[PDB]
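Structure data follow from start_24.tsv (TSV, N, CA and C atoms):
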chain	number	residue	atom	x	y	z
A	1	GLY	N	-38.72	74.69	-18.87
A	1	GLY	CA	-37.32	75.07	-18.85
A	1	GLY	C	-36.88	75.69	-20.16
A	2	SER	N	-35.73	76.36	-20.14
A	2	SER	CA	-35.19	77.01	-21.33
A	2	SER	C	-34.11	76.15	-21.98
A	3	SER	N	-34.42	75.60	-23.15
A	3	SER	CA	-33.48	74.75	-23.87
A	3	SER	C	-32.71	73.85	-22.91
A	4	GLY	N	-33.42	73.29	-21.93
A	4	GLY	CA	-32.80	72.42	-20.96
A	4	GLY	C	-32.25	71.15	-21.59
A	5	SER	N	-33.11	70.15	-21.72
A	5	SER	CA	-32.71	68.87	-22.31
A	5	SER	C	-31.57	68.24	-21.51
A	6	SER	N	-31.67	68.32	-20.19
A	6	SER	CA	-30.65	67.76	-19.31
A	6	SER	C	-31.23	66.63	-18.45
A	7	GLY	N	-32.03	65.78	-19.08
A	7	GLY	CA	-32.63	64.67	-18.36
A	7	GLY	C	-32.00	63.34	-18.70
A	8	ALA	N	-30.69	63.24	-18.49
A	8	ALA	CA	-29.96	62.01	-18.78
A	8	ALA	C	-30.67	60.80	-18.20
A	9	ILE	N	-30.20	59.61	-18.56
A	9	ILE	CA	-30.79	58.37	-18.07
A	9	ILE	C	-30.31	58.05	-16.65
A	10	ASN	N	-29.00	58.07	-16.46
A	10	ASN	CA	-28.41	57.78	-15.16
A	10	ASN	C	-27.72	59.01	-14.59
A	11	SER	N	-28.34	59.63	-13.59
A	11	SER	CA	-27.79	60.82	-12.96
A	11	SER	C	-27.57	60.59	-11.46
A	12	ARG	N	-28.59	60.06	-10.80
A	12	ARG	CA	-28.51	59.79	-9.37
A	12	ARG	C	-27.47	58.72	-9.07
A	13	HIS	N	-26.34	59.14	-8.50
A	13	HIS	CA	-25.26	58.22	-8.16
A	13	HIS	C	-24.71	58.52	-6.77
A	14	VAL	N	-24.13	57.50	-6.14
A	14	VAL	CA	-23.56	57.65	-4.81
A	14	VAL	C	-22.14	57.11	-4.75
A	15	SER	N	-21.25	57.87	-4.13
A	15	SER	CA	-19.85	57.47	-4.01
A	15	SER	C	-19.32	57.74	-2.61
A	16	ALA	N	-18.48	56.84	-2.11
A	16	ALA	CA	-17.90	56.98	-0.78
A	16	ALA	C	-16.46	57.48	-0.86
A	17	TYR	N	-16.10	58.36	0.07
A	17	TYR	CA	-14.75	58.92	0.10
A	17	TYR	C	-14.34	59.25	1.54
A	18	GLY	N	-13.22	58.69	1.97
A	18	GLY	CA	-12.73	58.94	3.31
A	18	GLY	C	-11.53	58.09	3.67
A	19	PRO	N	-10.95	58.33	4.85
A	19	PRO	CA	-9.78	57.59	5.33
A	19	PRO	C	-10.11	56.14	5.67
A	20	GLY	N	-11.29	55.93	6.25
A	20	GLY	CA	-11.71	54.58	6.62
A	20	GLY	C	-11.94	53.70	5.41
A	21	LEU	N	-12.23	54.31	4.27
A	21	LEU	CA	-12.48	53.57	3.04
A	21	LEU	C	-11.17	53.16	2.38
A	22	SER	N	-10.23	54.10	2.31
A	22	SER	CA	-8.93	53.83	1.70
A	22	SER	C	-8.14	52.81	2.52
A	23	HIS	N	-8.23	52.92	3.84
A	23	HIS	CA	-7.53	52.01	4.74
A	23	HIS	C	-7.93	52.25	6.19
A	24	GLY	N	-7.30	51.53	7.11
A	24	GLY	CA	-7.61	51.68	8.52
A	24	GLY	C	-6.76	50.78	9.39
A	25	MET	N	-7.09	50.74	10.68
A	25	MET	CA	-6.36	49.90	11.63
A	25	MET	C	-7.31	49.19	12.58
A	26	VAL	N	-6.87	48.05	13.10
A	26	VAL	CA	-7.69	47.27	14.03
A	26	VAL	C	-8.03	48.08	15.28
A	27	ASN	N	-9.22	47.85	15.81
A	27	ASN	CA	-9.67	48.56	17.01
A	27	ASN	C	-9.78	50.06	16.74
A	28	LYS	N	-10.15	50.41	15.52
A	28	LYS	CA	-10.30	51.80	15.13
A	28	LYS	C	-11.52	51.99	14.24
A	29	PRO	N	-12.41	52.91	14.64
A	29	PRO	CA	-13.63	53.21	13.88
A	29	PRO	C	-13.34	53.93	12.57
A	30	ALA	N	-13.35	53.17	11.47
A	30	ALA	CA	-13.09	53.74	10.16
A	30	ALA	C	-14.18	54.72	9.75
A	31	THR	N	-13.89	56.01	9.87
A	31	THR	CA	-14.85	57.05	9.52
A	31	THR	C	-14.68	57.49	8.07
A	32	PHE	N	-15.80	57.61	7.36
A	32	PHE	CA	-15.78	58.02	5.96
A	32	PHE	C	-17.04	58.79	5.60
A	33	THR	N	-17.02	59.43	4.43
A	33	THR	CA	-18.16	60.21	3.97
A	33	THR	C	-18.82	59.56	2.76
A	34	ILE	N	-20.15	59.54	2.75
A	34	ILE	CA	-20.89	58.95	1.64
A	34	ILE	C	-21.69	60.01	0.89
A	35	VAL	N	-21.35	60.21	-0.38
A	35	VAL	CA	-22.03	61.20	-1.21
A	35	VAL	C	-23.47	60.77	-1.49
A	36	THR	N	-24.41	61.37	-0.78
A	36	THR	CA	-25.83	61.05	-0.95
A	36	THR	C	-26.66	62.32	-1.13
A	37	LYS	N	-25.99	63.41	-1.50
A	37	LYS	CA	-26.67	64.68	-1.70
A	37	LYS	C	-27.63	64.60	-2.89
A	38	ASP	N	-27.26	63.80	-3.89
A	38	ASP	CA	-28.09	63.64	-5.08
A	38	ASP	C	-29.05	62.47	-4.91
A	39	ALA	N	-28.51	61.31	-4.56
A	39	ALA	CA	-29.33	60.11	-4.36
A	39	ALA	C	-30.65	60.45	-3.68
A	40	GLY	N	-30.56	61.17	-2.56
A	40	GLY	CA	-31.76	61.55	-1.83
A	40	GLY	C	-32.36	60.39	-1.07
A	41	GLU	N	-32.95	60.69	0.09
A	41	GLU	CA	-33.56	59.66	0.92
A	41	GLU	C	-34.24	58.60	0.06
A	42	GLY	N	-33.69	57.39	0.09
A	42	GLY	CA	-34.25	56.30	-0.69
A	42	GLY	C	-34.09	54.95	-0.01
A	43	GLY	N	-33.45	54.02	-0.70
A	43	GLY	CA	-33.24	52.69	-0.14
A	43	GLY	C	-31.77	52.32	-0.06
A	44	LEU	N	-30.99	53.15	0.61
A	44	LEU	CA	-29.56	52.91	0.76
A	44	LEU	C	-29.30	51.82	1.80
A	45	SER	N	-28.30	50.99	1.54
A	45	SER	CA	-27.94	49.90	2.45
A	45	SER	C	-26.46	49.95	2.80
A	46	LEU	N	-26.12	49.41	3.97
A	46	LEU	CA	-24.74	49.39	4.42
A	46	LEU	C	-24.37	48.03	4.99
A	47	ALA	N	-23.27	47.46	4.50
A	47	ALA	CA	-22.81	46.16	4.97
A	47	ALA	C	-21.30	46.02	4.79
A	48	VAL	N	-20.68	45.23	5.66
A	48	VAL	CA	-19.24	45.01	5.61
A	48	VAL	C	-18.91	43.52	5.66
A	49	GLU	N	-18.11	43.06	4.70
A	49	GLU	CA	-17.72	41.66	4.64
A	49	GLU	C	-16.20	41.52	4.60
A	50	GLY	N	-15.62	41.13	5.73
A	50	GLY	CA	-14.18	40.96	5.81
A	50	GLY	C	-13.78	39.82	6.72
A	51	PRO	N	-12.54	39.86	7.22
A	51	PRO	CA	-12.00	38.83	8.11
A	51	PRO	C	-12.66	38.84	9.48
A	52	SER	N	-13.63	39.73	9.65
A	52	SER	CA	-14.34	39.86	10.92
A	52	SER	C	-15.52	40.81	10.80
A	53	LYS	N	-16.61	40.50	11.49
A	53	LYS	CA	-17.81	41.33	11.46
A	53	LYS	C	-17.59	42.63	12.23
A	54	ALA	N	-17.69	43.75	11.52
A	54	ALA	CA	-17.50	45.06	12.14
A	54	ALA	C	-18.78	45.88	12.08
A	55	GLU	N	-19.31	46.24	13.25
A	55	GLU	CA	-20.53	47.03	13.33
A	55	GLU	C	-20.41	48.31	12.51
A	56	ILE	N	-21.55	48.82	12.05
A	56	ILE	CA	-21.57	50.04	11.25
A	56	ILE	C	-22.62	51.02	11.77
A	57	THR	N	-22.18	52.23	12.10
A	57	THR	CA	-23.08	53.26	12.61
A	57	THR	C	-23.60	54.14	11.48
A	58	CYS	N	-24.69	54.86	11.75
A	58	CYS	CA	-25.29	55.74	10.75
A	58	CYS	C	-25.68	57.08	11.37
A	59	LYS	N	-25.26	58.16	10.74
A	59	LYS	CA	-25.56	59.50	11.23
A	59	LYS	C	-26.37	60.29	10.20
A	60	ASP	N	-27.17	61.24	10.68
A	60	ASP	CA	-27.99	62.06	9.80
A	60	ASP	C	-27.45	63.49	9.74
A	61	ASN	N	-26.82	63.83	8.62
A	61	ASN	CA	-26.27	65.16	8.43
A	61	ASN	C	-27.36	66.16	8.05
A	62	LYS	N	-28.54	65.65	7.75
A	62	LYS	CA	-29.67	66.49	7.37
A	62	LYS	C	-29.20	67.68	6.54
A	63	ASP	N	-28.11	67.49	5.80
A	63	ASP	CA	-27.57	68.55	4.96
A	63	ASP	C	-27.40	68.07	3.52
A	64	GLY	N	-26.87	66.86	3.36
A	64	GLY	CA	-26.66	66.31	2.04
A	64	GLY	C	-25.56	65.27	2.01
A	65	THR	N	-25.45	64.50	3.09
A	65	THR	CA	-24.43	63.47	3.18
A	65	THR	C	-24.79	62.43	4.24
A	66	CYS	N	-23.90	61.47	4.45
A	66	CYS	CA	-24.13	60.42	5.44
A	66	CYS	C	-22.82	59.95	6.05
A	67	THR	N	-22.68	60.14	7.36
A	67	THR	CA	-21.47	59.74	8.07
A	67	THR	C	-21.59	58.33	8.62
A	68	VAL	N	-20.57	57.51	8.38
A	68	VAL	CA	-20.57	56.13	8.86
A	68	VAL	C	-19.21	55.76	9.45
A	69	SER	N	-19.23	54.87	10.44
A	69	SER	CA	-18.00	54.43	11.10
A	69	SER	C	-18.09	52.96	11.48
A	70	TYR	N	-17.12	52.18	11.03
A	70	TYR	CA	-17.08	50.75	11.33
A	70	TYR	C	-15.83	50.39	12.12
A	71	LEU	N	-16.01	49.62	13.19
A	71	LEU	CA	-14.90	49.20	14.03
A	71	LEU	C	-14.56	47.73	13.79
A	72	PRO	N	-13.50	47.49	13.00
A	72	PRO	CA	-13.05	46.13	12.68
A	72	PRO	C	-12.44	45.42	13.89
A	73	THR	N	-12.25	44.11	13.77
A	73	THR	CA	-11.68	43.32	14.84
A	73	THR	C	-10.41	42.60	14.39
A	74	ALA	N	-10.28	42.42	13.08
A	74	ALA	CA	-9.11	41.75	12.52
A	74	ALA	C	-8.61	42.48	11.27
A	75	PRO	N	-7.29	42.50	11.09
A	75	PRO	CA	-6.65	43.16	9.95
A	75	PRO	C	-6.92	42.43	8.64
A	76	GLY	N	-7.05	43.19	7.55
A	76	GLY	CA	-7.31	42.59	6.26
A	76	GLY	C	-8.08	43.51	5.33
A	77	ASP	N	-8.54	42.97	4.21
A	77	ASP	CA	-9.30	43.76	3.24
A	77	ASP	C	-10.80	43.66	3.52
A	78	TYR	N	-11.38	44.76	3.99
A	78	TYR	CA	-12.80	44.80	4.29
A	78	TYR	C	-13.61	45.22	3.07
A	79	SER	N	-14.76	44.58	2.88
A	79	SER	CA	-15.63	44.88	1.75
A	79	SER	C	-16.90	45.59	2.21
A	80	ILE	N	-16.94	46.91	2.02
A	80	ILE	CA	-18.09	47.71	2.41
A	80	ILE	C	-19.14	47.74	1.30
A	81	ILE	N	-20.14	46.87	1.41
A	81	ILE	CA	-21.20	46.81	0.42
A	81	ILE	C	-22.21	47.93	0.62
A	82	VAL	N	-22.42	48.73	-0.42
A	82	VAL	CA	-23.36	49.84	-0.36
A	82	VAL	C	-24.29	49.84	-1.57
A	83	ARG	N	-25.49	49.29	-1.39
A	83	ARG	CA	-26.47	49.23	-2.47
A	83	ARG	C	-27.51	50.34	-2.32
A	84	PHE	N	-28.08	50.76	-3.45
A	84	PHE	CA	-29.09	51.81	-3.44
A	84	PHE	C	-30.28	51.43	-4.32
A	85	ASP	N	-31.37	51.04	-3.68
A	85	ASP	CA	-32.58	50.64	-4.40
A	85	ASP	C	-32.33	49.40	-5.24
A	86	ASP	N	-31.69	48.40	-4.64
A	86	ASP	CA	-31.39	47.16	-5.34
A	86	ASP	C	-30.44	47.41	-6.51
A	87	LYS	N	-29.42	48.23	-6.28
A	87	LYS	CA	-28.45	48.55	-7.32
A	87	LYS	C	-27.10	48.93	-6.70
A	88	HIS	N	-26.09	48.11	-6.95
A	88	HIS	CA	-24.75	48.37	-6.42
A	88	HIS	C	-24.19	49.68	-6.97
A	89	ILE	N	-23.67	50.51	-6.08
A	89	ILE	CA	-23.10	51.79	-6.47
A	89	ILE	C	-21.76	51.61	-7.16
A	90	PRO	N	-21.41	52.56	-8.04
A	90	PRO	CA	-20.14	52.52	-8.79
A	90	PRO	C	-18.93	52.77	-7.89
A	91	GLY	N	-18.47	51.71	-7.23
A	91	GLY	CA	-17.33	51.84	-6.34
A	91	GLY	C	-17.38	50.87	-5.18
A	92	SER	N	-18.53	50.22	-5.00
A	92	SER	CA	-18.72	49.27	-3.91
A	92	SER	C	-18.83	47.85	-4.45
A	93	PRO	N	-18.48	46.87	-3.60
A	93	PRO	CA	-18.01	47.13	-2.24
A	93	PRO	C	-16.63	47.78	-2.21
A	94	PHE	N	-16.45	48.75	-1.32
A	94	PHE	CA	-15.18	49.45	-1.19
A	94	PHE	C	-14.18	48.62	-0.38
A	95	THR	N	-13.14	48.15	-1.05
A	95	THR	CA	-12.11	47.35	-0.40
A	95	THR	C	-11.19	48.22	0.46
A	96	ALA	N	-11.38	48.16	1.77
A	96	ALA	CA	-10.57	48.93	2.70
A	96	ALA	C	-9.48	48.07	3.33
A	97	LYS	N	-8.26	48.59	3.35
A	97	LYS	CA	-7.13	47.87	3.93
A	97	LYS	C	-6.99	48.18	5.42
A	98	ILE	N	-7.05	47.14	6.24
A	98	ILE	CA	-6.93	47.31	7.69
A	98	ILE	C	-5.68	46.60	8.22
A	99	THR	N	-4.82	47.36	8.89
A	99	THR	CA	-3.59	46.81	9.45
A	99	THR	C	-3.76	46.49	10.93
A	100	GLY	N	-2.86	45.66	11.46
A	100	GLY	CA	-2.92	45.29	12.86
A	100	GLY	C	-2.34	43.92	13.12
A	101	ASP	N	-1.95	43.68	14.37
A	101	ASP	CA	-1.37	42.39	14.75
A	101	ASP	C	-1.50	42.16	16.25
A	102	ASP	N	-1.92	40.96	16.62
A	102	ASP	CA	-2.10	40.61	18.03
A	102	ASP	C	-1.04	39.60	18.47
A	103	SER	N	-0.98	39.34	19.77
A	103	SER	CA	-0.02	38.40	20.33
A	103	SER	C	-0.36	38.06	21.77
A	104	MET	N	0.06	36.87	22.21
A	104	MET	CA	-0.20	36.43	23.57
A	104	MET	C	0.73	37.12	24.56
A	105	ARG	N	0.42	37.01	25.84
A	105	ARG	CA	1.23	37.63	26.89
A	105	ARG	C	0.94	37.00	28.25
A	106	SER	N	1.90	37.09	29.15
A	106	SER	CA	1.75	36.53	30.49
A	106	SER	C	1.05	37.51	31.42
A	107	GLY	N	0.89	37.11	32.68
A	107	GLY	CA	0.22	37.97	33.65
A	107	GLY	C	0.92	37.96	34.99
A	108	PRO	N	0.78	36.85	35.73
A	108	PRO	CA	1.39	36.70	37.06
A	108	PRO	C	2.91	36.58	36.98
A	109	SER	N	3.55	36.48	38.14
A	109	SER	CA	5.00	36.36	38.21
A	109	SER	C	5.41	35.08	38.94
A	110	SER	N	5.00	34.97	40.20
A	110	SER	CA	5.32	33.80	41.01
A	110	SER	C	4.07	33.24	41.67
A	111	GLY	N	3.66	32.05	41.24
A	111	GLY	CA	2.48	31.42	41.80
A	111	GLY	C	2.83	30.29	42.76
Kindly present the structure from the file in structure tokens form.
Amino acid sequence: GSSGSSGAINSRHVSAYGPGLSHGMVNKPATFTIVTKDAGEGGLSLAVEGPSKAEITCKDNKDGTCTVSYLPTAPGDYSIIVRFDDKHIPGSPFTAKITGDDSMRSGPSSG
């Protein structure tokens, strides 16, 4: 290279950005984008720890990113744990705010 000297110690980093990360609502798949264009296929992990277990999907953009969507069951602050090669990323777990409220209801009229 020409007077490069651009081999810093920590360069490969991953950050999440999206609506599902900032906040969300019950019974709604929180969709967000994960910056993995630099990280590159490695040992990325995905987990959510909140007031309820919410499944997490994984998509292959085969371009330079990773799409994920989690469907919560209860309102509250969800913790999206995202580790990369046994190393927590700078921003995770991402505390996502989820709103929502349930209530009981009747059915029949005259039995």
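Put simply, CA of residue 52 (chain A) is 12.2 Å away from CA of residue 80 (chain A).
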Checklist line | For residue 35 (chain A), the nearest of the candidates A:22, A:6, A:65, A:79, counting only N, CA and C atoms | finding: A:65
Next item on the list: Could you give me, as number ranges by chain, each residue of chain A that DSSP assigns to strand (DSSP E or B) when run on this structure's backbone?
Entry: A: 15-17, 23-25, 30-35, 44, 47-49, 56, 65-70, 76-81, 83-84, 88, 90, 92, 94-99
Note to self: Please report the interatomic distance between atom C of residue 15 (chain A) and atom C of residue 3 (chain A) in Å with one decimal.
What the structure shows: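 Interatomic distance, atom C of residue 15 (chain A) to atom C of residue 3 (chain A): 29.2 Å.
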Give me the residues near residue 11 (chain A) as a compact mmCIF listing (two decimals) with N, CA and C atoms, in the frame of the given file, where near means some atom within 12 Å (using only C-alpha atoms) and where sequence neighbours in that chain fewer than 6 positions away do not count.
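Output below, filename part-v4.txt:
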# COMPACT_ATOMS: atom_id res chain seq x y z
N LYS A 37 -25.99 63.41 -1.50
CA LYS A 37 -26.67 64.68 -1.70
C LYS A 37 -27.63 64.60 -2.89
N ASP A 38 -27.26 63.80 -3.89
CA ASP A 38 -28.09 63.64 -5.08
C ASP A 38 -29.05 62.47 -4.91
N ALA A 39 -28.51 61.31 -4.56
CA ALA A 39 -29.33 60.11 -4.36
C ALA A 39 -30.65 60.45 -3.68
N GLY A 40 -30.56 61.17 -2.56
CA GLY A 40 -31.76 61.55 -1.83
C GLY A 40 -32.36 60.39 -1.07
Next item on the list: For CA of residue 47 (chain A) and CA of residue 18 (chain A), quote the distance in Å rounded to one decimal.
Entry: 16.4 Å
Next item on the list: Choose the residue, out of A:103, A:31, A:45, A:95, that has the smallest atom-to-atom separation from residue 68 (chain A); count only C-alpha atoms.
Entry: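 That would be A:31, the residue with the smallest distance to residue 68 (chain A).
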Margin query: Between A:13, A:59, A:28, A:97, which residue has the minimum interatomic distance to residue 42 (chain A), considering only C-alpha atoms?
Written below: A:13
Item checked: Option closest in space to residue 27 (chain A), from A:104, A:56, A:71, A:44 [counting only N, CA and C atoms] -> A:71
Checklist line | Top pick for closest residue to residue 101 (chain A), considering A:74, A:49, A:55, A:85 and counting only N, CA and C atoms | finding: A:74
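Using only N, CA and C atoms, the smallest distance between any of A:46, A:10, A:99, A:19 and residue 82 (chain A) comes from A:46.
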Check: Can you find the residues with an atom no farther than 7 Å from (-14.5, 51.4, 7.8), counting only N, CA and C atoms, and report them as a list in words?
Finding: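 The residues near that point, listed by chain and number, are residues 19, 20, 21, 23, 24, 29, 30, 31, 32, 68, 69, 70, 71, 72 and 96 of chain A.
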